[PDB]
Every structure is written in C-alpha cells, then in structure tokens.
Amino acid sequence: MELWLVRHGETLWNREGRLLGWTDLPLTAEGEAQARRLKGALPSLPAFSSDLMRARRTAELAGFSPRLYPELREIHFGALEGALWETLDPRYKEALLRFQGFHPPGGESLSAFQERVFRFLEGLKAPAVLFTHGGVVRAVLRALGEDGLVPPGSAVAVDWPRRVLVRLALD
C-alpha cells in the first residue's frame, strides 16, 4: 500500500546531536518552517501522527488534522535519552549504525521497536500520510533494503511492504 512517511521538523537536539526519543521537545523556528513547506507537497490522504508534540505540530503546519497514535513514536532511548551521539559508547554507536542489537537500559530494544512499527503499518487499510520520526522512517527504509537517513521535515513514499517510491526533500 502507498504510504507517505514524514520525518518531523528539527528540534534543538538535532543541531546539538543528542538522542531524542520520548523526551517531548518542541520544534524550533526552522523546524516549523520546514513543516509549512510540506503543505501542498503531500497528498491529501488520511493522516496519522505520533502524539509527540514535534510530530503533531509538523502535521498541523503541513495542513493536516491527524489521528494520534503512540505507536508512531521514535524508539524509547531509555537512560540514553538526551545523550550526546559523540560521547555514546562505541557498542551503542555501532548498534545504532548497524541497526541491530540495541537494548538501552530503561528503554526499548530495536527489535521491539521494529515490531511496534511494522505492526502499526500492517494495520493500515488504505493509503495514508504518517507524521513520525527519523527512527521510524529508517526502520522502514532499511527493511526495504535502503539507507534510512532522511533530512528533518522531509518525506518518503513507499509501497509497503515492497519498495520505496519517492524521496521528497524541500529547500
């Protein structure tokens, strides 16, 4: 099914290089700017969004009124929430780089995260726009055999669970 996944606009921790999961931070001015640029660039399909503020706000600025689902949240980094990527222990770094065997204390494992994300996608009964996070987009892109790195406020359309259709970036 055609799904459009949108990575929310930037927050302060994006420029600061800190892990941002369930910590509810707001979009920055540029983050809201990135979000407004999405209006008119996305199809008028039913919309779903992480309930986290930065996602909800991106959806709103993009001209949508999404139904909220915590299932679309970024992975829960547990004790690693807010940690600087730079000083992250090499084992955690490579776990995240290779996207496997990641189990932060007090948090969610990558395997649990993937099950949550794919279970949500499996339940969609028609094309939709999903306002979510970098990790969710990455999980989907990697499952489709592609690099999952996409700029904040950008989008990707896929034919789940078969292939990527288009990557949309706006300047």
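All residue numbers are counted from 1 along the displayed sequence.
Per the PDB record, is the mean Cα temperature factor higher over 29 to 37 or over 121 to 129?
Higher mean C-alpha B-factor: 29 to 37.
Give the stretch, out of 90 to 98 and 73 to 81, with the larger mean C-alpha temperature factor in the deposited entry.
Per the PDB record, 90 to 98.
In terms of CA temperature factor as recorded, identify the highest of 155, 158, 19, 149.
The C-alpha B-factor peaks, among 155, 158, 19, 149, at 149.
Query - Ranked against its chain, the third holding the CA B-factor of residue 57 - result: Its C-alpha B-factor, which the entry lists for residue 57, ranks in the highest third among residues of this chain.
Chain-relative CA temperature factor third for residue 116: It belongs to the lowest third of the chain when residues are ordered by C-alpha B-factor.
Review point. Should residue 166 be placed in the lowest, middle or highest third of its chain by the C-alpha B factor in the entry?
Key: Ranked within chain, residue 166 CA B lands in the middle tercile.
Among the chain's modelled residues, which third holds the C-alpha B-factor of residue 103? Its C-alpha B-factor belongs to the highest third of this chain's values.
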